[PDB]
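Q: Kindly return the folded structure for what I paste below:
(one chain, ligands or ions: 1)
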Amino acid sequence: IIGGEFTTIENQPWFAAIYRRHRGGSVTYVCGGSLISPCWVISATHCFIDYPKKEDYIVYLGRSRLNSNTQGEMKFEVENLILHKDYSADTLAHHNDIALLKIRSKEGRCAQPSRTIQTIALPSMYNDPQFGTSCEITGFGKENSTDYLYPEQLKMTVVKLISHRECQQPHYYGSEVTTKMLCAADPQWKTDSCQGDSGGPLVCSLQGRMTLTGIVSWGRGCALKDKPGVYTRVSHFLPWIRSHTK
Ligand SMILES: N=C(N)c1cc2cc([N+](=O)[O-])ccc2[nH]1
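A: Numbers count the residues shown, from 1 in each chain. Below you will find the coordinate block:
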């Protein structure tokens, strides 16, 4: 997250921190995700496509810091790593960038809700807030485009919803953006998602309820003029989600 503010897991209790164990034992950060039910975390396919093997992955819930433990965190293995069959890699514009991780502890349990671990609601089908709506993004991603390191503390920021028409401008993203994608940016382009934020939640308040409206997917650079963050439009994948979480 470029700009924005530091936060803790109490303020995004569904946020999932996902890591991969390398051979030789090193564990590095992969991507964020969102807990939608006790046994299921939703993320982006592009986080996993290079390494599709579910045994390489570690998920944490209730975790506030990147390389240290948070009191009351839970640690999970991935019982199922489900990628979207119709995924595509553009140069930027990943189509169908949605993935589901079935989580289970070494003790055979799913998530147990608490002050730091809760689930997020899915939207109702094709029901998105109007452009100009303010939504929040959450992640451990880069704080400046030139940074080498990821921040140790979890961050959040607020970005505004950009209409499909506007994101379609040639001087924005043109045809790269589809109706299954959502664009969102800052009016001053000061704040944005960046490298490492992928898979994480875009949460909007939608008629009284915190809602997983999007999933961080791609963008050109970070916090650049006319170059918004792009998000998987969750309200367009509910059949996909409901069938696969069975
Ligand atoms: N604007 C976004 N929603 C977004 C930009 C972005 C960039 C990278 N990246 O640095 O490769 C990764 C994920 C991203 N998500």
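Q: Number of residues surrounding the nearest residue to residue 173 once chain neighbours are set aside?
A: Excluding the flanking residues, the one nearest residue 173 by Cβ to Cβ, 6 or more residues apart in numbering is residue 167, at 5.4 Å. C-betas here are computed from N, CA, C, even on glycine. The burial metric for residue 167, expressed as a neighbour count using other Cβ atoms under 10 Å, is 22.
Q: same check, this time on residue 44
A: For residue 44, the number of neighbouring residues by other Cβ under 10 Å comes to 28.
Q: re earlier: correct me, but the residue nearest to residue 173 touches residue 179?
A: No. Residue 167 is beyond contact range of residue 179, at 10.5 Å (criterion: Cβ atoms under 8 Å).
Q: Quick one: residues contacting the residue nearest to residue 173.
A: 173, 177, 181, 183, 228, 230 (Cβ atoms under 8 Å, 6 or more residues apart in numbering).
Q: restrict those to contacts with the ligand.
A: Contacts with the ligand within these, counted by Cβ under 6 Å from any ligand atom: residue 230.
Q: So which of the contacts of residue 167 sit within helices?
A: Counting by DSSP state H, those place none of their members in helices.
Q: Adding neighbour count and distance to residue 75, write the contacts of residue 167 out as CSV.
A: Formatted as CSV, the contacts of residue 167 follow (neighbours: other Cβ atoms under 10 Å; distance: Cβ to Cβ, whole Å):
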residue, neighbour count, distance to residue 75
173, 23, 38
177, 22, 37
181, 23, 32
183, 25, 35
228, 27, 34
230, 28, 31
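Q: ok, stretch 205-217 near the ligand or not?
A: Yes. Legend: contact between stretch 205-217 and the ligand by Cβ under 6 Å from any ligand atom is shown at 216-217.
Q: OK, contacts around the residue most central in space within the chain?
A: When the chain is reduced to its mean C-alpha position, the nearest residue by Cα atoms, centre = their mean turns out to be residue 200, at 1.6 Å. Residues touching residue 200, when contacts are defined by Cβ under 8 Å, 6+ apart, comprise 15, 31-34, 137-139, 141, 193, 215-216.
Q: and stretch 45-64, how far apart are its ends?
A: By Cα to Cα, to the nearest Å, the extent of stretch 45-64 from end to end equals 23 Å.
Q: picking up where we left off before, okay if I get the contacts of residue 167 as TSV plus distance to residue 45?
A: Compiled in TSV, the contacts of residue 167 are given as follows (distance: Cβ to Cβ, whole Å):
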residue	distance to residue 45
173	19
177	17
181	14
183	19
228	20
230	14
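Q: Can you pick out the most distant pair from the contacts of residue 167?
A: Of all pairs drawn from those, the widest gap by Cβ to Cβ lies between 181 and 228 and measures 10.3 Å.
Q: How are the helices of the chain distributed by residue range?
A: For the chain, helices defined by DSSP H occupy the ranges 164-167, 238-244.
Q: which one of the contacts of residue 167 is nearest the ligand?
A: Within the contacts of residue 167, proximity to the ligand (Cβ to the nearest ligand atom) peaks at residue 230, which comes in at 4.9 Å.
Q: Thanks a lot, catch you later.
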